[PDB]
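Colleague: If you scroll down you'll find the structure; I have some questions about it.
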Amino acid sequence: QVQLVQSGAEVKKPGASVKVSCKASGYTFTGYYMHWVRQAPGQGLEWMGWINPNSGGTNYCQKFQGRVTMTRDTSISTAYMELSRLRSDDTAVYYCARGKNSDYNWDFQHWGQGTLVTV
Amino acid sequence: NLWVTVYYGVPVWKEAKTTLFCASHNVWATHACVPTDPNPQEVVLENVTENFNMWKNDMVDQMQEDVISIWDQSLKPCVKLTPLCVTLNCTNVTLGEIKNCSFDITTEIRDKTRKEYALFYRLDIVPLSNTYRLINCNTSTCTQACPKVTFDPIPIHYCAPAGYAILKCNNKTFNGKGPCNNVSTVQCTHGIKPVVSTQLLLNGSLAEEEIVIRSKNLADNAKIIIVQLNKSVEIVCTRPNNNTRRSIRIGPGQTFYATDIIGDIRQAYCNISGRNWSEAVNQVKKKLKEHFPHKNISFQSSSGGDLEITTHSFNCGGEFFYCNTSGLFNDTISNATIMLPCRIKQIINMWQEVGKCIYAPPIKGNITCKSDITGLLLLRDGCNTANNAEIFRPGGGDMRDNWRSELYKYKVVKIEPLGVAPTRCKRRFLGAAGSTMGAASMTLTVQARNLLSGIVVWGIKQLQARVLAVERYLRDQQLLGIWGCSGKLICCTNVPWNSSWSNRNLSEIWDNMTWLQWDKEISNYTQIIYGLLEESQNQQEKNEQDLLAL
Amino acid sequence: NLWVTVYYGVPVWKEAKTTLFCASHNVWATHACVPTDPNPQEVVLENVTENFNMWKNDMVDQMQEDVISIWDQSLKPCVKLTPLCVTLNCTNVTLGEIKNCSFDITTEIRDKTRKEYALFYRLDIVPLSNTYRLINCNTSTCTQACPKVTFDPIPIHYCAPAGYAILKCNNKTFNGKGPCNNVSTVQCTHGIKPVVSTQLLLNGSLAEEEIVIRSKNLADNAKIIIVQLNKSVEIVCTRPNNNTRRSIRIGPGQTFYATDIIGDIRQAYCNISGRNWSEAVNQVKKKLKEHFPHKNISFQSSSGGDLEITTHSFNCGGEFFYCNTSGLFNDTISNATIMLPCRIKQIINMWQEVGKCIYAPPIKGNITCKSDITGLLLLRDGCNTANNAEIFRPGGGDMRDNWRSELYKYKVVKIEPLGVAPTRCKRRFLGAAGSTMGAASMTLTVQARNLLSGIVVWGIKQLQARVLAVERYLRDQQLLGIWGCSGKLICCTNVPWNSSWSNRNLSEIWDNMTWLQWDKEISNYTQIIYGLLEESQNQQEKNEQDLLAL
Amino acid sequence: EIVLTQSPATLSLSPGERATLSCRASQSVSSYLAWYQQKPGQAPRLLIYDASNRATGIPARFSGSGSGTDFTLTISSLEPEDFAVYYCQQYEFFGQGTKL
Ligand SMILES: *[C@@H]1O[C@H](CO)[C@@H](O[C@@H]2O[C@H](CO)[C@@H](O[C@@H]3O[C@H](CO[C@H]4O[C@H](CO)[C@@H](O)[C@H](O[C@H]5O[C@H](CO)[C@@H](O)[C@H](O)[C@@H]5O)[C@@H]4O)[C@@H](O)[C@H](O[C@H]4O[C@H](CO)[C@@H](O)[C@H](O)[C@@H]4O[C@H]4O[C@H](CO)[C@@H](O)[C@H](O)[C@@H]4O)[C@@H]3O)[C@H](O)[C@H]2NC(C)=O)[C@H](O)[C@H]1NC(C)=O
Ligand SMILES: *[C@@H]1O[C@H](CO)[C@@H](O[C@@H]2O[C@H](CO)[C@@H](O[C@@H]3O[C@H](CO[C@H]4O[C@H](CO)[C@@H](O)[C@H](O[C@H]5O[C@H](CO)[C@@H](O)[C@H](O)[C@@H]5O)[C@@H]4O)[C@@H](O)[C@H](O[C@H]4O[C@H](CO)[C@@H](O)[C@H](O)[C@@H]4O[C@H]4O[C@H](CO)[C@@H](O)[C@H](O)[C@@H]4O)[C@@H]3O)[C@H](O)[C@H]2NC(C)=O)[C@H](O)[C@H]1NC(C)=O
Ligand SMILES: *[C@@H]1O[C@H](CO)[C@@H](O[C@@H]2O[C@H](CO)[C@@H](O[C@@H]3O[C@H](CO[C@H]4O[C@H](CO)[C@@H](O)[C@H](O[C@H]5O[C@H](CO)[C@@H](O)[C@H](O)[C@@H]5O)[C@@H]4O)[C@@H](O)[C@H](O[C@H]4O[C@H](CO)[C@@H](O)[C@H](O)[C@@H]4O)[C@@H]3O)[C@H](O)[C@H]2NC(C)=O)[C@H](O)[C@H]1NC(C)=O
Ligand SMILES: *[C@@H]1O[C@H](CO)[C@@H](O[C@@H]2O[C@H](CO)[C@@H](O[C@@H]3O[C@H](CO[C@H]4O[C@H](CO)[C@@H](O)[C@H](O[C@H]5O[C@H](CO)[C@@H](O)[C@H](O)[C@@H]5O)[C@@H]4O)[C@@H](O)[C@H](O[C@H]4O[C@H](CO)[C@@H](O)[C@H](O)[C@@H]4O)[C@@H]3O)[C@H](O)[C@H]2NC(C)=O)[C@H](O)[C@H]1NC(C)=O
Ligand SMILES: *[C@@H]1O[C@H](CO)[C@@H](O[C@@H]2O[C@H](CO)[C@@H](O[C@@H]3O[C@H](CO)[C@@H](O)[C@H](O)[C@@H]3O)[C@H](O)[C@H]2NC(C)=O)[C@H](O)[C@H]1NC(C)=O
Ligand SMILES: *[C@@H]1O[C@H](CO)[C@@H](O[C@@H]2O[C@H](CO)[C@@H](O[C@@H]3O[C@H](CO)[C@@H](O)[C@H](O)[C@@H]3O)[C@H](O)[C@H]2NC(C)=O)[C@H](O)[C@H]1NC(C)=O
Ligand SMILES: *[C@@H]1O[C@H](CO)[C@@H](O[C@@H]2O[C@H](CO)[C@@H](O)[C@H](O)[C@H]2NC(C)=O)[C@H](O)[C@H]1NC(C)=O
Ligand SMILES: *[C@@H]1O[C@H](CO)[C@@H](O[C@@H]2O[C@H](CO)[C@@H](O)[C@H](O)[C@H]2NC(C)=O)[C@H](O)[C@H]1NC(C)=O
Ligand SMILES: *[C@@H]1O[C@H](CO)[C@@H](O[C@@H]2O[C@H](CO)[C@@H](O)[C@H](O)[C@H]2NC(C)=O)[C@H](O)[C@H]1NC(C)=O
Ligand SMILES: *[C@@H]1O[C@H](CO)[C@@H](O[C@@H]2O[C@H](CO)[C@@H](O)[C@H](O)[C@H]2NC(C)=O)[C@H](O)[C@H]1NC(C)=O
Ligand SMILES: *[C@@H]1O[C@H](CO)[C@@H](O[C@@H]2O[C@H](CO)[C@@H](O)[C@H](O)[C@H]2NC(C)=O)[C@H](O)[C@H]1NC(C)=O
Ligand SMILES: *[C@@H]1O[C@H](CO)[C@@H](O)[C@H](O)[C@H]1NC(C)=O
Ligand SMILES: *[C@@H]1O[C@H](CO)[C@@H](O)[C@H](O)[C@H]1NC(C)=O
Ligand SMILES: *[C@@H]1O[C@H](CO)[C@@H](O)[C@H](O)[C@H]1NC(C)=O
Ligand SMILES: *[C@@H]1O[C@H](CO)[C@@H](O)[C@H](O)[C@H]1NC(C)=O
Ligand SMILES: *[C@@H]1O[C@H](CO)[C@@H](O)[C@H](O)[C@H]1NC(C)=O
Ligand SMILES: *[C@@H]1O[C@H](CO)[C@@H](O)[C@H](O)[C@H]1NC(C)=O
Ligand SMILES: *[C@@H]1O[C@H](CO)[C@@H](O)[C@H](O)[C@H]1NC(C)=O
Ligand SMILES: *[C@@H]1O[C@H](CO)[C@@H](O)[C@H](O)[C@H]1NC(C)=O
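Here's what the structure looks like:
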């Protein structure tokens, strides 16, 4: 089986920054892209971006450009996401997800438990 | 009425997965490759419309394996820098990118050691308050490129084995996906240079008609967009330094090459005419707009990632280095020549293979490379802004996309020379593809004669290919023999035509339809007919024996 | 009038470059070789005069590669003497050619070391005031010959693959360059011993008629002169010492074999009867005089060079050693047996390969080798003296010249079974080479039947050869099929003979000329005819279909 | 860009019944769609992909279809366990989803 294990919930002050980890297991870490998406507290889900562990390549949603950054460490099969200049509206559960197929990787079959971050 | 007639050497084919062979002490153009064919025969298949798909072309994956396999083999006998992993006591040479390091080296005699020093780049050094280690010592042992090798991207031609053919899409504006009304057949590909690079594609092929932008799916922001330019843009890169080499003996016939500096230090850089680039950018943006008809277009720098992605990586025929191209992937461009700063690495991790590492020796004297930008790799930011503008960024890293940018015009198929058609009788290169079934029968020899020996780390592939060609040939010949059609090109049989097999007019079949069209309809009963044909000969054989006994 | 007729299995051939295979835990006679053929078939090709050239015979280069390739592979799994490269504290055992050395050895446990000693020859030791190192430690790591191998020069027979044949020059006085009126064909060579030696060639083949002196060019003083003797000269060499071996553990399953001495020390030497040698020398000088009719002849010692050249090198089936032959290459010779002093090396550099090195283990007890001198290598001093005398000296070093001295009688060619001739008609082993075209047609089966499977580090070569044979066979069969001549040996066609192709009398062609002579004249239009033949069948096929449709 | 709209926003349904959920887009995306089930406090789970294929562990009674710009999810033999939120997704674009 496979699984994604995220860090626990976190509380920061406005203007600060948060770092969220996600450990992957059960498969080749560099096999697939890692996606980040946040679930708003009573609303739909908002895609943040993804990272390609093979080269650390990223693609961020335009609206968060300059606020969010992503990286990784293959030696521990763990991905990292960081968001700076936090605002009250950033309160959400940030999910770590992986697609089913390397071809069409938008089929988020595998999910972590989600990390709740607020201000 | 109609009877079964067997035709051998008919111009039909199907997609196939096979192995191609290399046609030329270079790292890539190895001794194991064959001489090239100076006169390719681009036979035009008029009235033939084949469909190509560069995103599912196995040739690309095969290329990738080839390049790596050669690389690894080439460096097999080269010195392993094991003993290098020692405590490094370093000081300074603000361009403090180079550190002078001293260390303890084991001499030829295991019982003896001494002091030695070398210049290393900061990028290759890891802090271990002035003690360091080589970056690779916790991952793998880097192999020093043999002192007598060549990394010049000598173009390689791919050739098919007998029984197979390579189709070319000659439609200058082909998107790399779909029908190609302009199609021809060749025996070999042209010479494609094994250029390893990211972001900007150097020394590649130029578009013949116009700038072409192609992708697997523009709606998928996780995919890379490949753009090929018609007009090249000159870029010159140089490393203006006295990188004098030093030979350090690290073992019994093992020499390590260290860097030294005689004069002062100047950063490496690239020179690209601003006006030139600006024009190219404007043209590309225009073509993009066509796909994104009501939005603005902005070019930005890499969002981030490993150096190999964020910066422009390439081999300057010598020491590998990376350049900062933020001055090109921009909306504000000056006319004046743009200078782009670069940094040099001695320790290189090829491709994305973890545990793989090579060390590059210093090249005495300075280096200057003049090259052309022929295309580049861009990706689009996800989501959408209220500003109605789309942002594109440089990317790459997977060399397969570099190969894909050159091999997109080629497709590999296998020829199926055996065909069956209805006729009114009873017993007792590849240009014909565009011809009707009747006329095409006049070229059966022309085709068939080239399906056996047209051919006259690569060694094993050539040997395997040879055997395969034989197997297929004999198989077909065996069938013709069994059916009593040995040595014939058009063999009328003793088996009557079925009504369930076809409801087409005889005239249409021979005067209008081509063999390709026929195959797609009659293939439904391929095995059915073959069975009957075998039974027929068995009947004939016993009848002959009966008569002979008299 | 005359028409084109196709003949298959005609006795003609051309020079070819192919790969031969080996016919027999020996170092050379490996498990990968095939069983030999006990009955060679020396078919005499009367009236056939082939021209041979030993100085351009690819068989020699192929042999060289074979010998090395095997050697390297054989020693692949043998212990690498890496840890041996330590400080050597040496003393004496005036024959002070052996030194007693002590050193620090690392035990099975990496954390533990101890003292150890061994006897080494001065020639293998380099001063580093009584501290030394092993000579190889600054070049490469010598591999200790595995304790269970055999270096006995077991004769190897070379055999051709199907489609090829080996010709022999049986002219006992052939100079190795020119026509051989006495020629025969065989499937395999005789057993040739892989004897590695310089100066004097041991255990080789003797001349059958007389002493023969041959060279590429006697006017070229940069070339070596090879002389083959008819009468052998006995030479016996011995090493009269108690070289008791000792087993030293230098690693986890790695045993180093050191030399020890129980009794006293005596130098090794060779014994050669003076009278015998003198006679041989006189005979050789006489033959040389024939080429140099008005001058004196003097034999001197080597002008200088590496030990391997200045002295006589050979493997005595055990430890390699070198002998001083200044007592033989002289003008003053005594009748009494001449004793020649020798020295022994433990560390040997094979051939002239830099970085290649092997270590030979000691052989317990003494060794004596009885061998015959069969020939030798001489070179002539440049310039000319007013004394009207020419001086010759011993030489060698390039083993290719040793192989060349045995393989000079063999030549490899490929058979071209397909031939075309003019006849008065219209459609609807290798002994025949000496026969006329007409008569030769009666043996087409005899020849053709042996051009497919006559065969029934060497593994890959055998496999490659098998595939090649098939390719050629099928190619020819395909052509015969296409031309409508399948299964026939003599096939009359429907294509008329051209006047431009030949102006020879029909009678002369069939009754006087041989196929070899014919080929050399008619080959001019080989492709021209083939083209026409293919067109003919195409015409026939459509005509048959036309008739069938009725 | 792509904007996904689903309806009805909410559906009060009973066990044993059958219902379907629509999904529309302003642009043709062929069939590259996916549907996700979302329960309170739980992670999203893939239900349908390619607008035809069931995800692993998903009962046959869960299906759907569509083409171009008009797609619909179909669930038969409705259970109490189906009373969750279902989302329509295309690439990075998420819809609003509906609740059963
Ligand atoms: C996109 O394509 C372009 C080309 O289409 C590529 O650019 C080319 O890159 C190659 C590789 O770096 C360049 O070739 C190299 O040029 C070096 C500079 O030579 C000049 O200075 C020397 C100094 O004395 C002169 O002798 C030279 O003159 C000679 O060569 C010119 C060439 O046309 C002749 O016209 C002259 O008549 C002379 O013959 C030049 O003035 C050059 O030193 C280097 O040579 C070494 O490497 C080659 C590899 O193939 C060896 O064959 C050669 O023997 C040399 O290697 C030996 O010596 C070194 C010295 O230490 C040892 O280390 C080696 O082990 C070995 O002993 C080579 O010729 C080429 O000029 C350049 N062309 C242009 C237009 O830029 C781009 O790089 C490519 N893009 C990418 C990303 O690859
Ligand atoms: C030109 O050609 C001539 C020949 O045409 C070559 O000369 C020959 O060279 C070979 C190789 O050195 C000689 O064979 C070797 O002779 C050794 C001496 O044997 C005698 O003493 C022993 C001591 O007890 C006796 O047992 C022997 O008697 C037996 O053998 C004779 C042989 O005909 C029989 O007739 C008897 O009935 C007995 O059977 C002799 O008296 C000999 O020791 C040596 O044997 C080892 O090597 C061979 C290699 O093929 C092994 O098969 C064999 O098992 C031995 O190897 C084992 O034991 C050693 C001992 O430590 C281990 O180290 C090994 O790992 C292994 O366990 C071998 O027989 C041959 O006699 C000799 N002939 C002549 C006429 O000189 C020239 O060298 C050649 N010129 C050049 C330049 O090469
Ligand atoms: C084998 O050896 C290699 C050696 O490179 C190991 O790879 C290294 O692993 C360590 C382990 O974590 C990495 O350290 C982390 O680095 C990140 C990022 O820093 C790097 O990248 C930045 C890019 O934005 C760059 O700016 C940094 O350079 C600055 O900082 C350095 C540090 O002194 C300074 O010298 C420079 O001048 C710059 O100022 C740098 O290149 C960093 O964010 C991590 O810290 C975070 O996480 C820890 C964990 O809890 C937390 O405590 C911190 O507060 C912070 O949140 C951490 O430093 C190192 O970067 C890796 N090397 C590289 C090149 O990336 C490899 O892992 C070894 N293998 C094995 C199996 O161990
Ligand atoms: C790896 O290790 C090997 C070890 O052998 C290295 O090879 C050696 O390289 C050195 C470097 O030059 C060589 O030294 C030179 O030797 C020549 C000739 O001397 C040798 O050959 C003579 C044959 O006619 C022989 O007589 C000599 O023996 C006598 O002398 C020795 C010396 O003490 C003595 O011990 C003996 O008893 C004899 O008395 C000997 O075998 C010599 O002429 C050179 O000196 C000349 O050049 C220097 C240079 O300017 C000049 O200063 C001198 O005045 C003179 O003009 C020099 O000594 C050595 O000979 C090589 N070894 C062999 C066997 O030839 C190899 O190079 C190493 N590899 C690497 C990469 O370093
Ligand atoms: C490489 O391909 C690009 C594709 O866009 C070519 O761009 C072409 O640029 C010209 C001028 O900017 C465009 O306008 C043309 O101007 C000429 C002027 O006489 C006019 O005759 C044409 O009818 C047209 O107006 C042209 O439209 C544009 N191409 C397209 C498809 O729009 C570029 O020129 C090409 N470069 C080379 C060297 O081929
Ligand atoms: C090996 O070949 C050499 C080639 O020179 C042979 O030399 C031959 O030696 C004899 C005597 O020295 C030469 O003279 C002959 O003497 C006999 C005596 O009866 C006589 O009958 C002959 O007519 C001749 O005079 C002989 O000329 C010489 N050969 C040549 C070509 O000159 C040597 O004998 C050969 N050895 C063996 C064992 O074959
Ligand atoms: C990328 O483009 C931006 C503008 O679109 C450049 O910013 C300008 O930089 C020049 C000098 O470097 C300043 O004088 C301008 O005022 C800057 N523009 C603005 C709006 O501030 C930026 O420098 C470009 N990047 C590179 C590497 O050239
Ligand atoms: C491709 O299609 C064209 C159109 O039918 C073919 O041209 C015809 O060829 C026949 C052959 O005898 C002629 O009788 C017609 O008059 C031709 N029509 C035209 C408009 O030229 C063409 O031959 C086809 N290609 C091949 C290889 O058959
Ligand atoms: C073997 O070959 C040699 C030449 O290599 C032949 O020597 C010929 O002998 C006759 C005898 O008078 C001379 O006229 C020729 O000129 C010699 N040839 C050369 C090239 O000098 C010798 O006859 C041949 N022997 C046989 C049996 O064929
Ligand atoms: C090589 O030949 C020369 C003579 O041609 C030998 O020199 C003679 O050696 C013996 C004793 O060794 C002396 O008695 C003679 O007086 C020497 N001759 C002259 C003219 O002085 C020389 O010894 C020979 N070399 C060998 C190794 O035997
Ligand atoms: C080699 O040439 C000789 C000389 O011509 C051939 O011998 C002749 O063979 C024909 C064949 O019937 C005879 O009629 C002649 O009488 C023979 N002449 C002599 C002098 O014997 C010999 O046959 C040729 N070799 C081959 C294989 O044909
Ligand atoms: C695209 O850029 C031009 C530049 O002036 C601007 O006028 C136009 O409105 C932009 N398009 C959109 C959709 O904003
Ligand atoms: C070059 O100068 C011209 C002057 O009118 C200007 O219009 C153009 O935009 C400039 N281009 C660049 C790339 O600076
Ligand atoms: C072949 O002919 C028979 C004749 O009755 C017919 O039943 C059958 O369906 C035809 N087709 C095949 C595939 O056998
Ligand atoms: C028969 O033809 C139909 C046409 O669509 C095809 O689907 C079917 O697979 C064919 N059957 C065989 C055995 O080829
Ligand atoms: C050759 O040697 C003999 C030996 O006596 C001598 O008489 C003759 O003159 C020498 N030849 C020449 C050309 O000196
Ligand atoms: C051997 O002795 C005889 C005695 O007359 C002499 O002529 C001959 O030259 C001597 N040969 C050698 C090699 O000493
Ligand atoms: C073949 O015959 C034709 C007949 O005219 C003649 O012109 C031609 O030169 C002959 N030779 C060749 C090679 O075609
Ligand atoms: C034709 O014969 C002549 C004879 O010398 C030869 O030189 C020429 O090369 C031959 N042409 C061909 C095509 O074989």
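Sequences listed follow chains H, A, B and L, in order. Numbers 1 to 52, 52A, 53 to 82, 82A to 82C, 83 to 100, 100A to 100D, 101 to 111, taken from the authors' numbering, label the letters of the first sequence in order. Numbers 33 to 56, 66 to 134, 150 to 184, 188 to 309, 312 to 358, 360 to 394, 409 to 504, 522 to 549, 570 to 663, taken from the authors' numbering, label the letters of the second sequence in order. Numbers 33 to 56, 66 to 134, 150 to 184, 188 to 309, 312 to 358, 360 to 394, 409 to 504, 522 to 549, 570 to 663, taken from the authors' numbering, label the letters of the third sequence in order. Numbers 1 to 91, 96 to 103, 106, taken from the authors' numbering, label the letters of the fourth sequence in order. Where is the CB? At the ideal position from N, CA and C, for every residue including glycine.
(1) Can you look up residue 246 of chain A in the DSSP assignment and give me helix, strand or coil?
(2) In whole angstroms, what separates the C-alpha of residue 191 of chain B from that of residue 132 of chain A?
(3) When you measure from the CB of residue 616 of chain A to every non-hydrogen atom of ligand 14, does any distance come out below 7 Å?
(4) Under the criterion of a Cβ to heavy atom distance below 7 Å, does residue 197 of chain B qualify as lining ligand 4?
(5) Output, in chain order, the set of chain A residues within a Cβ distance shorter than 9 Å of residue 647 of chain B.
(6) Can you give the Cα-Cα distance for residue 219 of chain B and residue 578 of chain B, rounded to whole angstroms?
(7) Alpha carbon to alpha carbon, what distance is there between residue 489 of chain A and residue 35 of chain A?
(8) Given 7 Å as the limit, tell me if residue 636 of chain B has its C-beta closer than that to any heavy atom belonging to ligand 19.
(9) By the 10 Å Cβ neighbour count, where 16 or more other Cβ atoms means buried, how is residue 616 of chain B classified, buried or exposed?
(10) Select from A:454, A:346 and A:419 the residue whose C-alpha is nearest the C-alpha of residue 280 of chain A.
(11) Residue 603 of chain A touches chain B at which residues, Cβ-Cβ below 7 Å?
(12) If you follow the beta strand (DSSP E) that residue 227 of chain B is in, where does it begin and where does it stop?
Modeller: Reading it off the structure:
(1) Numbered from its first residue, the second sequence carries residue 246 of chain A at position 187. Judged by DSSP in its simplified three-state form, residue 246 of chain A adopts coil rather than helix or strand.
(2) Within the third sequence, residue 191 of chain B is the residue found at index 132, counting from 1. Within the second sequence, residue 132 of chain A is the residue found at index 91, counting from 1. About 37 Å.
(3) Taking the first residue of the second sequence as position 1, residue 616 of chain A is located at position 503. Checking every heavy atom of ligand 14 against the Cβ of residue 616 of chain A, none is found closer than 7 Å.
(4) Looking up residue 197 of chain B in the third sequence gives position 138. At least one heavy atom of ligand 4 is nearer than 7 Å to the Cβ of residue 197 of chain B, so yes.
(5) On the third sequence, residue 647 of chain B is found 534 positions in, with the first residue counted as 1. Per Cβ cutoff of 9 Å: 538, 539 and 542.
(6) Taking the third sequence and counting its residues from 1, one reaches residue 219 of chain B at position 160. Taking the third sequence and counting its residues from 1, one reaches residue 578 of chain B at position 465. Their backbone Cα atoms lie some 9 Å apart in a straight line.
(7) For the purposes of this step, residue 35 of chain A is taken as residue 3 along the second sequence, with counting starting at 1. For the purposes of this step, residue 489 of chain A is taken as residue 413 along the second sequence, with counting starting at 1. Across the structure, residue 35 of chain A and residue 489 of chain A are spaced so that their CA atoms are roughly 30 Å apart.
(8) Here residue 636 of chain B corresponds to residue number 523 of the third sequence, with the count starting at 1. Yes, Cβ of residue 636 of chain B sits closer than 7 Å to a heavy atom of ligand 19.
(9) In the third sequence, residue 616 of chain B corresponds to position 503, counting from 1. By the 10 Å Cβ count, residue 616 of chain B comes out exposed.
(10) Here residue 280 of chain A refers to the residue found at position 221 of the second sequence. Of A:454, A:346 and A:419, the residue nearest in Cα terms is A:454.
(11) For the purposes of this step, residue 603 of chain A is taken as residue 490 along the second sequence, with counting starting at 1. Simply 654 and 658.
(12) In the third sequence, residue 227 of chain B corresponds to position 168, counting from 1. Element bounds for residue 227 of chain B: 223 to 228.
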